[PDB]
Amino acid sequence: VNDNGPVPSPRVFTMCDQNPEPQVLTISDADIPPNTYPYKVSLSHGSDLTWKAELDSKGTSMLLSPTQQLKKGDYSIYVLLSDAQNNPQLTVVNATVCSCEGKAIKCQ
Ligand SMILES: *[C@@H]1O[C@H](CO)[C@@H](O)[C@H](O)[C@H]1NC(C)=O
Ligand SMILES: *[C@@H]1O[C@H](CO)[C@@H](O)[C@H](O)[C@H]1NC(C)=O
Ligand SMILES: [Ca+2]
Ligand SMILES: [Ca+2]
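- Listed as the method for this PDB entry is cryo-EM; the listed resolution is 30 Å.

- Under the PDB entry, the name given to the chain is EP-cadherin, and the source organism is Mus musculus.

Have a look at this one:
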């Protein structure tokens, strides 16, 4: 039966300041195929606190990148996927930012 729905791999980032590079994130389903066939990524209240969604070509991961030069640490991003649809709701995959240039660094 297709019970569960899609979910992001890492739940906490360490973005950088000056020019953060894409925060790689992926997807996982508890179901058995077809039930986990391809997706549809969606961003809920903050679909713009600047956050822009993306899929890897070979299916599984998603590319998460801002679109604003935003602030000094601690804040989430509401995520939302689907697989037959099922639609999950995912959620918050918070984001810890600390001073910088462009590579995902160890934080503070
Ligand atoms: C503590 O809670 C805040 C509020 O969401 C969060 O930003 C932070 O990452 C949590 N832990 C630490 C060590 O900051
Ligand atoms: C993410 O950080 C916020 C800000 O403190 C916190 O309220 C939340 O519980 C953390 N994680 C999730 C999944 O919401
Ligand atoms: Ca099942
Ligand atoms: Ca499923």
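We are not done yet, so read on.
1. Description of the overall build of the chain
And then number 1: Tallying secondary structure elements over the chain gives zero helices and six strands in all.
And then number 2: When the helices and strands of the chain are read in sequence order from the N terminus, they spell out β-β-β-β-β-β.
And then number 3: At 14 Å, the chain has a C-alpha radius of gyration in line with the 13 Å of a compact globule built from 108 residues.
And then number 4: Taking the principal axes of the C-alpha coordinates as reference, the chain spans close to 45 × 25 × 20 Å.
And then number 5: Sequence separation of 24 or more characterises 60% of the internal contacts of the chain that already satisfy a separation of 6 or more.

2. Quick notes on the coordination of the calcium ion (ligand 4)
And then number 1: Here the calcium ion (ligand 4) is held by the protein donor atoms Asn 2 (OD1), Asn 2 (ND2), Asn 4 (O), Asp 29 (OD), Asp 31 (OD), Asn 35 (O) and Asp 83 (OD), which lie 2.3 to 3.2 Å from it.
And then number 2: Each donor residue of the calcium ion (ligand 4) lies on the same chain, and together they follow the pattern N-x1-N-x24-D-x1-D-x3-N-x47-D. You can see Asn 4 sitting in the segment before β1 (13-15) and its partner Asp 83 sitting in the loop between β4 (78-80) and β5 (89-92), a full 79 residues away along the chain.
And then number 3: A relative accessible area of 38% places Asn 4 in the partly exposed class.

3. Observations concerning the environment of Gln 85
And then number 1: Mapping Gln 85 onto the fold places it in the loop between β4 and β5.
And then number 2: Assessed through its relative accessible area of 43%, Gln 85 is described here as partly exposed.
And then number 3: Sequence-wise, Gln 85 and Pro 6 are 79 residues apart; in three dimensions their C-alpha atoms are separated by 9.6 Å.

Basis of the calculations
- Residues numbered from 1 in each chain as written, not as in the entry; some residues may be left out.
- Chains lettered and ligands numbered in written order.
- Part of a larger assembly, values for the part shown.
- Heavy atoms only, no water.
- Helix = DSSP H or I, 4+ residues; strand = E, 2+ residues; numbered from the N terminus.
- Rg over C-alpha atoms; globule rule 2.2 N^0.38 Å.
- Contact = heavy atoms within 4.5 Å.
- Donors = N, O, S within 2.8 Å, 3.2 Å for Na, K, Ca; no water.
- Buried < 20%, exposed > 50% of the residue type's maximum accessible area, 1.4 Å probe, protein only.

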